[PDB]
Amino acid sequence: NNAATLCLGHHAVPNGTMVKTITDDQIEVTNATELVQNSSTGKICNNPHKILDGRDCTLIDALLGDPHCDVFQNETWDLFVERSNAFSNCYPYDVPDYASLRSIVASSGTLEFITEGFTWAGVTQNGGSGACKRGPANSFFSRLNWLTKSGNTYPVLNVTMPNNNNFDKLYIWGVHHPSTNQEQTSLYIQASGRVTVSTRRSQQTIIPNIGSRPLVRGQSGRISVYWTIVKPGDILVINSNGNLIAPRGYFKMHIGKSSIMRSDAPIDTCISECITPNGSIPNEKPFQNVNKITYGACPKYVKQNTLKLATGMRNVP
């Protein structure tokens, strides 16, 4: 009682955590926190982003109008989810530079289609085929128009369609490559067609290529698909003496936050800013280990499955 004892010190815990610093690979601490997000509920939340489930359709087939993708006409998305099990079921086709066509449409975020009064003088419109049925009936891509002969002549088509709009127009069209010359002439009279779509500033010319391809839905011909963008104040001009697969109109182009992702995750009602092909994820942590592919407000992909930040002092029990 003529002396006392005052002691200074710090708290501690029974079970504390190990972290790393510039000077220990491991060192014990009182609290810690995980910076890497490494799991996913496995579902894709349908908010705040507008998700569009493609189901049995790829964006290009929805674009073109494979009859079994008619439900997707004029649709829109912030995010297009393409499904591994999707198939085509129309006349067989290829897209020189498919990856790009896909990208640009995905980014536009809309399939809004405006029909335009194309005058196709001296030819038959609305060709159909056995590869592309509507129930029992013969059909074709909704957004395209197969021009065949009329009488025993196919004249030289020469049409135009100015853009008096304040947005860009995406025109999609194609060229038919027949398998045997019987077919070339049975449809287009001429010996070897040609398709030349142009603007003031650009052009593309395509000669067909007769010959046999592996057989698909009873067909060994092919349609090759091409696109032309037409800027406000520019003009479009289609010019062909056979084999033109013609457009019926144009797609509105948009600028914005729109994209496309491949995933088999199911769509849920919930809220999540960050989306991965593996499903949505919380975006509270600065990092994530779930997928380098993402969409929205998302942590940064890194390689590590765990990183622990010290939220407290050194721990000595």
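From 1 onward, residues are counted along the sequence shown.
In this entry, the higher average B-factor at the C-alpha atoms falls on 25 to 33, of the pair 262 to 270 and 25 to 33.
Mean CA B-factor, 93 to 101 versus 194 to 202: the higher value falls on 194 to 202.
Per the PDB entry, 186 shows the highest C-alpha temperature factor of the residues 74, 228, 85, 186. Out of 110, 142, 241, 163, it is 241 whose C-alpha atom has the highest B-factor in the PDB entry.
Compared with the other modelled residues of the chain, the Cα B-factor recorded for residue 233 ranks in the lowest third. In the deposited entry, the Cα temperature factor of residue 57 places it in the highest third of its chain's modelled residues. Sort the chain's modelled residues by C-alpha temperature factor and residue 294 lands in the lowest third, per the entry.
In the PDB entry, residue 300 places in the lowest third of its chain by CA B-factor. Remark: residue 170 belongs to the lowest third of its chain, ranked by C-alpha B-factor as recorded.
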